[PDB]
>>> print(open('final-v4.pdb').read())   # PDB, C-alpha atoms (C1' of nucleotides) and all ligand atoms
ATOM      1  CA  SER N   2     -48.286 -22.632  12.473
ATOM      2  CA  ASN N   3     -47.795 -26.327  13.297
ATOM      3  CA  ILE N   4     -47.892 -27.523   9.674
ATOM      4  CA  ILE N   5     -45.080 -25.207   8.603
ATOM      5  CA  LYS N   6     -43.248 -25.868  11.876
ATOM      6  CA  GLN N   7     -43.207 -29.599  11.134
ATOM      7  CA  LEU N   8     -42.113 -28.965   7.540
ATOM      8  CA  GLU N   9     -39.222 -26.779   8.754
ATOM      9  CA  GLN N  10     -38.172 -28.968  11.690
ATOM     10  CA  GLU N  11     -37.690 -32.027   9.530
ATOM     11  CA  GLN N  12     -35.138 -30.049   7.474
ATOM     12  CA  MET N  13     -33.124 -28.273  10.158
ATOM     13  CA  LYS N  14     -29.517 -29.331  10.673
ATOM     14  CA  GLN N  15     -28.730 -30.871  14.056
ATOM     15  CA  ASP N  16     -24.988 -30.150  14.332
ATOM     16  CA  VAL N  17     -24.620 -26.369  13.976
ATOM     17  CA  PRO N  18     -21.927 -25.154  16.388
ATOM     18  CA  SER N  19     -22.425 -22.079  18.511
ATOM     19  CA  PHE N  20     -20.742 -18.945  17.236
ATOM     20  CA  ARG N  21     -21.076 -15.227  17.860
ATOM     21  CA  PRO N  22     -20.479 -12.023  15.939
ATOM     22  CA  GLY N  23     -16.784 -11.261  15.956
ATOM     23  CA  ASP N  24     -15.655 -14.880  15.868
ATOM     24  CA  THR N  25     -13.486 -16.122  13.029
ATOM     25  CA  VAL N  26     -15.107 -19.105  11.329
ATOM     26  CA  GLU N  27     -14.136 -21.471   8.557
ATOM     27  CA  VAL N  28     -17.091 -22.521   6.403
ATOM     28  CA  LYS N  29     -16.656 -25.520   4.113
ATOM     29  CA  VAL N  30     -19.002 -25.389   1.102
ATOM     30  CA  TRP N  31     -19.542 -27.773  -1.788
ATOM     31  CA  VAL N  32     -18.211 -26.698  -5.193
ATOM     32  CA  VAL N  33     -19.156 -28.517  -8.405
ATOM     33  CA  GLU N  34     -16.828 -28.223 -11.418
ATOM     34  CA  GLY N  35     -18.094 -30.548 -14.133
ATOM     35  CA  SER N  36     -18.619 -33.945 -12.521
ATOM     36  CA  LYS N  37     -16.300 -33.512  -9.529
ATOM     37  CA  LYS N  38     -17.493 -32.312  -6.125
ATOM     38  CA  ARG N  39     -15.060 -30.788  -3.648
ATOM     39  CA  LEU N  40     -14.961 -28.643  -0.526
ATOM     40  CA  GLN N  41     -13.767 -25.038  -0.673
ATOM     41  CA  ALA N  42     -13.049 -23.165   2.559
ATOM     42  CA  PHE N  43     -14.141 -19.606   3.296
ATOM     43  CA  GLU N  44     -12.698 -18.175   6.512
ATOM     44  CA  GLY N  45     -13.400 -14.745   7.963
ATOM     45  CA  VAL N  46     -15.125 -12.706  10.684
ATOM     46  CA  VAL N  47     -18.814 -13.209  11.444
ATOM     47  CA  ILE N  48     -20.301  -9.730  11.148
ATOM     48  CA  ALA N  49     -24.005 -10.587  11.257
ATOM     49  CA  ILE N  50     -26.271 -13.436  12.371
ATOM     50  CA  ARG N  51     -29.950 -13.876  11.463
ATOM     51  CA  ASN N  52     -31.619 -16.335  13.877
ATOM     52  CA  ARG N  53     -34.748 -17.424  12.052
ATOM     53  CA  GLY N  54     -35.154 -21.203  12.438
ATOM     54  CA  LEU N  55     -34.789 -22.954   9.089
ATOM     55  CA  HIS N  56     -34.214 -19.496   7.571
ATOM     56  CA  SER N  57     -31.216 -18.703   9.749
ATOM     57  CA  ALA N  58     -28.278 -17.090   7.975
ATOM     58  CA  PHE N  59     -24.928 -15.616   8.840
ATOM     59  CA  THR N  60     -22.556 -13.194   7.112
ATOM     60  CA  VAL N  61     -18.784 -13.720   6.908
ATOM     61  CA  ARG N  62     -16.282 -11.030   5.819
ATOM     62  CA  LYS N  63     -12.743 -11.563   4.594
ATOM     63  CA  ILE N  64     -10.038  -9.730   2.701
ATOM     64  CA  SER N  65      -9.191 -11.975  -0.240
ATOM     65  CA  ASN N  66      -6.364 -11.357  -2.719
ATOM     66  CA  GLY N  67      -6.513  -7.626  -2.074
ATOM     67  CA  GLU N  68     -10.328  -7.396  -2.111
ATOM     68  CA  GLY N  69     -12.942  -7.390   0.650
ATOM     69  CA  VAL N  70     -15.645 -10.039   0.180
ATOM     70  CA  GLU N  71     -18.776 -10.908   2.126
ATOM     71  CA  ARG N  72     -20.712 -14.154   1.873
ATOM     72  CA  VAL N  73     -24.200 -14.545   3.340
ATOM     73  CA  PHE N  74     -24.571 -18.250   4.101
ATOM     74  CA  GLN N  75     -27.951 -19.915   4.572
ATOM     75  CA  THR N  76     -27.236 -21.944   7.688
ATOM     76  CA  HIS N  77     -29.303 -25.055   6.956
ATOM     77  CA  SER N  78     -28.436 -25.238   3.277
ATOM     78  CA  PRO N  79     -26.854 -28.565   2.277
ATOM     79  CA  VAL N  80     -24.350 -26.497   0.247
ATOM     80  CA  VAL N  81     -22.716 -25.626   3.581
ATOM     81  CA  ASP N  82     -20.961 -28.830   4.602
ATOM     82  CA  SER N  83     -19.484 -27.610   7.867
ATOM     83  CA  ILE N  84     -18.784 -24.641  10.145
ATOM     84  CA  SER N  85     -15.952 -24.379  12.652
ATOM     85  CA  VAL N  86     -14.895 -21.569  14.986
ATOM     86  CA  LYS N  87     -11.194 -20.749  14.575
ATOM     87  CA  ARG N  88     -11.038 -17.856  17.061
ATOM     88  CA  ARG N  89     -13.413 -16.264  19.581
ATOM     89  CA  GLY N  90     -13.910 -12.515  19.195
ATOM     90  CA  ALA N  91     -14.822  -9.910  21.811
ATOM     91  CA  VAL N  92     -17.268  -7.268  20.542
ATOM     92  CA  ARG N  93     -20.250  -5.450  21.990
ATOM     93  CA  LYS N  94     -22.553  -5.147  18.982
ATOM     94  CA  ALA N  95     -24.745  -7.780  17.335
ATOM     95  CA  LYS N  96     -23.897  -6.420  13.848
ATOM     96  CA  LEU N  97     -20.341  -5.399  12.994
ATOM     97  CA  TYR N  98     -21.003  -3.329   9.888
ATOM     98  CA  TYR N  99     -18.472  -0.696  11.037
ATOM     99  CA  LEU N 100     -15.738  -3.140  10.026
ATOM    100  CA  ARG N 101     -16.591  -2.319   6.402
ATOM    101  CA  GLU N 102     -14.905   1.066   6.903
ATOM    102  CA  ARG N 103     -11.755  -0.425   8.484
ATOM    103  CA  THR N 104      -8.653  -2.257   7.275
ATOM    104  CA  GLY N 105      -5.430  -3.598   8.735
ATOM    105  CA  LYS N 106      -4.683  -2.501  12.284
ATOM    106  CA  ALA N 107      -7.962  -0.589  12.603
ATOM    107  CA  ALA N 108     -10.011  -3.732  11.877
ATOM    108  CA  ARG N 109      -8.546  -5.990  14.578
ATOM    109  CA  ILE N 110     -10.890  -7.717  17.032
ATOM    110  CA  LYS N 111      -9.756  -8.609  20.541
ATOM    111  CA  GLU N 112      -9.885 -12.280  21.518
ATOM    112  CA  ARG N 113     -12.627 -13.363  23.917
ATOM    113  CA  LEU N 114     -11.087 -15.201  26.872
ATOM    114  CA  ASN N 115     -13.508 -17.613  28.537
TER     115      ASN N 115
ATOM    116  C1'   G F   1      38.825  60.220 -50.268
ATOM    117  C1'   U F   2      37.435  55.105 -51.144
ATOM    118  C1'   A F   3      33.799  49.482 -48.183
ATOM    119  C1'   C F   4      36.022  49.694 -55.966
ATOM    120  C1'   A F   5      40.256  45.464 -58.356
ATOM    121  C1'   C F   6      36.672  41.855 -65.198
ATOM    122  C1'   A F   7      38.174  48.088 -61.206
ATOM    123  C1'   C F   8      31.299  53.168 -60.885
ATOM    124  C1'   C F   9      28.392  49.747 -66.871
ATOM    125  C1'   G F  10      32.032  48.881 -59.587
ATOM    126  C1'   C F  11      30.068  47.832 -54.759
ATOM    127  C1'   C F  12      25.863  47.246 -51.909
ATOM    128  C1'   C F  13      20.994  47.643 -47.864
ATOM    129  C1'   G F  14      16.125  46.260 -46.237
ATOM    130  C1'   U F  15      10.965  44.964 -46.538
ATOM    131  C1'   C F  16       7.940  41.749 -49.777
ATOM    132  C1'   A F  17       7.261  36.795 -52.677
ATOM    133  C1'   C F  18       9.450  31.292 -52.896
ATOM    134  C1'   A F  19      12.270  26.894 -50.668
ATOM    135  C1'   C F  20      14.688  24.545 -46.549
ATOM    136  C1'   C F  21      16.603  24.438 -41.493
ATOM    137  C1'   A F  22      17.193  25.284 -36.251
ATOM    138  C1'   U F  23      15.178  28.138 -32.388
ATOM    139  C1'   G F  24      11.832  31.768 -28.626
ATOM    140  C1'   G F  25       6.498  32.476 -27.098
ATOM    141  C1'   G F  26       1.951  29.465 -26.843
ATOM    142  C1'   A F  27      -4.832  27.547 -24.573
ATOM    143  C1'   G F  28      -2.208  23.703 -22.680
ATOM    144  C1'   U F  29      -1.304  18.476 -22.384
ATOM    145  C1'   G F  30       1.549  13.942 -21.550
ATOM    146  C1'   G F  31       6.056  11.380 -19.213
ATOM    147  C1'   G F  32      10.898  11.243 -15.783
ATOM    148  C1'   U F  33      13.002  12.862 -11.203
ATOM    149  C1'   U F  34      12.229  15.209  -6.720
ATOM    150  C1'   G F  35      10.520  18.637  -2.052
ATOM    151  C1'   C F  36       6.824  19.220   1.640
ATOM    152  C1'   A F  37       2.426  17.508   4.624
ATOM    153  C1'   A F  38       0.016  13.304   5.876
ATOM    154  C1'   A F  39      -2.011   8.081   5.520
ATOM    155  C1'   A F  40      -0.086   2.971   5.703
ATOM    156  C1'   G F  41       2.404  -0.879   8.593
ATOM    157  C1'   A F  42       4.543  -7.199   5.892
ATOM    158  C1'   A F  43       8.839  -9.274   8.229
ATOM    159  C1'   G F  44      12.539  -8.188  11.744
ATOM    160  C1'   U F  45      14.454  -6.268  16.352
ATOM    161  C1'   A F  46      13.452  -4.054  20.989
ATOM    162  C1'   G F  47      10.009  -2.785  25.236
ATOM    163  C1'   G F  48       5.377  -4.517  27.857
ATOM    164  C1'   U F  49       2.104  -8.470  29.076
ATOM    165  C1'   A F  50      -4.097 -10.056  30.247
ATOM    166  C1'   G F  51      -4.174 -15.558  28.258
ATOM    167  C1'   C F  52      -1.879 -20.487  26.959
ATOM    168  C1'   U F  53       2.365 -23.837  27.571
ATOM    169  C1'   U F  54       6.880 -25.595  29.881
ATOM    170  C1'   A F  55      13.493 -31.192  29.410
ATOM    171  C1'   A F  56      18.499 -29.045  32.592
ATOM    172  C1'   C F  57      18.114 -24.825  38.074
ATOM    173  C1'   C F  58      15.646 -24.477  43.171
ATOM    174  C1'   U F  59      11.751 -26.945  45.838
ATOM    175  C1'   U F  60       8.564 -27.255  52.009
ATOM    176  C1'   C F  61       7.041 -31.978  45.928
ATOM    177  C1'   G F  62       1.899 -28.413  45.877
ATOM    178  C1'   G F  63       4.973 -25.432  43.141
ATOM    179  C1'   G F  64       8.863 -21.308  42.317
ATOM    180  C1'   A F  65      12.431 -19.058  39.087
ATOM    181  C1'   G F  66      13.496 -18.733  34.180
ATOM    182  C1'   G F  67      11.994 -19.788  29.047
ATOM    183  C1'   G F  68       8.551 -20.244  24.756
ATOM    184  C1'   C F  69       3.893 -19.137  22.101
ATOM    185  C1'   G F  70       0.150 -15.644  21.591
ATOM    186  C1'   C F  71      -1.294 -10.534  22.192
ATOM    187  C1'   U F  72       0.325  -5.399  22.363
ATOM    188  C1'   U F  73       3.497  -0.825  21.663
ATOM    189  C1'   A F  74       7.890   1.661  19.076
ATOM    190  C1'   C F  75      10.867   1.947  14.527
ATOM    191  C1'   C F  76      10.280   0.921   9.344
ATOM    192  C1'   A F  77       9.808  -1.363   3.449
ATOM    193  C1'   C F  78       5.744  -1.823  -0.154
ATOM    194  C1'   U F  79       1.776   1.205  -1.183
ATOM    195  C1'   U F  80      -1.841   5.656  -1.069
ATOM    196  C1'   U F  81      -3.462  11.042  -1.013
ATOM    197  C1'   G F  82      -2.805  16.385  -1.654
TER     198        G F  82
HETATM  199  K     K Y   1      44.205  53.111 -52.816
HETATM  200  K     K Y   2      15.180  41.984 -51.795
HETATM  201  K     K Y   3       8.203  28.326 -34.793
HETATM  202  K     K Y   4       6.635 -12.492  24.487
HETATM  203 MG    MG Y   5      25.708  52.629 -59.948
HETATM  204 MG    MG Y   6       8.166  25.629 -28.207
HETATM  205 MG    MG Y   7       2.856   6.155  10.913
HETATM  206 MG    MG Y   8       4.042  -5.568  12.735
END
>>> encode(input="final-v4.pdb", output="structure tokens")
Amino acid sequence: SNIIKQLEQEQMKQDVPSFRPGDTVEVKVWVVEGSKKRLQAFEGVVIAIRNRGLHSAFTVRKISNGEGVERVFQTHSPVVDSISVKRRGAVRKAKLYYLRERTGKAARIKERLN
RNA sequence: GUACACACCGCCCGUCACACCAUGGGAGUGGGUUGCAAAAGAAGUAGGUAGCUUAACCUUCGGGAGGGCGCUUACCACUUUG
């Protein structure tokens, strides 16, 4: 497994911040429109994390312009320019799929004080 | 006696056929308004308060009081369902 380990290690990002399910994060991703390249933000609740080395991913949910949207980011992709935690959430579960059935007041997540 | 008056060779009724018009019913179906039973909860105001932060007052100079932010509850507009 050392050959593939070396291949994966040379590609991993070194500056991924720590975040947990239930946190609010802002993800800045590259967008190409013609010749221009710019950063677009996507901010929402982390509802799932897949810890898998170079194949790590995380899922962010938001309500956007009257519509719920989920994005599954590949953590080490160069498309993802940056990740930052905006608010720390207090949940028990690793996977918050129950939030898909909730809106407004029913979907609130308590802040994690630490 | 009369409903006749170009005066019984008068007057006149209804179905049927034709034309037009408005209207009742009608499998139902589309709008408007509205009742009831719920869902919902922006902003504001009021109550509470883990957490964060404080120009005037009081300090035994460490702080205290009080305030603010944030969070939370109540009321409620949009909106949704039957
Ligand atoms: K007479
Ligand atoms: K006739
Ligand atoms: K008719
Ligand atoms: K307050
Ligand atoms: Mg005759
Ligand atoms: Mg009719
Ligand atoms: Mg209510
Ligand atoms: Mg409110």
>>> residues_around(input="final-v4.pdb", residues="stretch 28-44 of chain F", least_positions_apart="4", cutoff="8 Å", atoms="only C-alpha atoms (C1' of nucleotides)", output="number ranges by chain")
F: 79-81
>>> resolve_selection(input="final-v4.pdb", expression="the PyMOL selection byres (((not hetatm)) within 12 of (chain Y and resi 2))", output="ChimeraX atom specification")
/F:12-17
>>> closest_residue(input="final-v4.pdb", among="F:19, F:50, F:3, F:77", to="chain N", atoms="only C-alpha atoms (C1' of nucleotides)")
F:50
>>> closest_residue(input="final-v4.pdb", among="F:60, F:23, F:45, F:53", to="ligand MG 8 (chain Y)", atoms="all atoms listed in the file")
F:45
>>> residues_near_ligand(input="final-v4.pdb", ligand="ligand K 3 (chain Y)", cutoff="12 Å", atoms="all atoms listed in the file", output="list in words")
residues 21, 22, 23, 24, 25 and 26 of chain F
>>> atom_distance(input="final-v4.pdb", atom1="atom CA of residue N:8", atom2="atom CA of residue N:77")
13.4 Å
>>> resolve_selection(input="final-v4.pdb", expression="the PyMOL selection byres (((chain N and resi 89-98) around 8) and not hetatm)", output="PDB file with C-alpha atoms, keeping the file's coordinate frame")
ATOM      1  CA  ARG N  21     -21.076 -15.227  17.860  1.00  0.00           C
ATOM      2  CA  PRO N  22     -20.479 -12.023  15.939  1.00  0.00           C
ATOM      3  CA  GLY N  23     -16.784 -11.261  15.956  1.00  0.00           C
ATOM      4  CA  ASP N  24     -15.655 -14.880  15.868  1.00  0.00           C
ATOM      5  CA  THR N  25     -13.486 -16.122  13.029  1.00  0.00           C
ATOM      6  CA  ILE N  48     -20.301  -9.730  11.148  1.00  0.00           C
ATOM      7  CA  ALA N  49     -24.005 -10.587  11.257  1.00  0.00           C
ATOM      8  CA  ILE N  50     -26.271 -13.436  12.371  1.00  0.00           C
ATOM      9  CA  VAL N  86     -14.895 -21.569  14.986  1.00  0.00           C
ATOM     10  CA  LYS N  87     -11.194 -20.749  14.575  1.00  0.00           C
ATOM     11  CA  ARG N  88     -11.038 -17.856  17.061  1.00  0.00           C
ATOM     12  CA  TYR N  99     -18.472  -0.696  11.037  1.00  0.00           C
ATOM     13  CA  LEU N 100     -15.738  -3.140  10.026  1.00  0.00           C
ATOM     14  CA  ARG N 101     -16.591  -2.319   6.402  1.00  0.00           C
ATOM     15  CA  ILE N 110     -10.890  -7.717  17.032  1.00  0.00           C
ATOM     16  CA  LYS N 111      -9.756  -8.609  20.541  1.00  0.00           C
ATOM     17  CA  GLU N 112      -9.885 -12.280  21.518  1.00  0.00           C
ATOM     18  CA  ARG N 113     -12.627 -13.363  23.917  1.00  0.00           C
ATOM     19  CA  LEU N 114     -11.087 -15.201  26.872  1.00  0.00           C
TER      20      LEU N 114
END
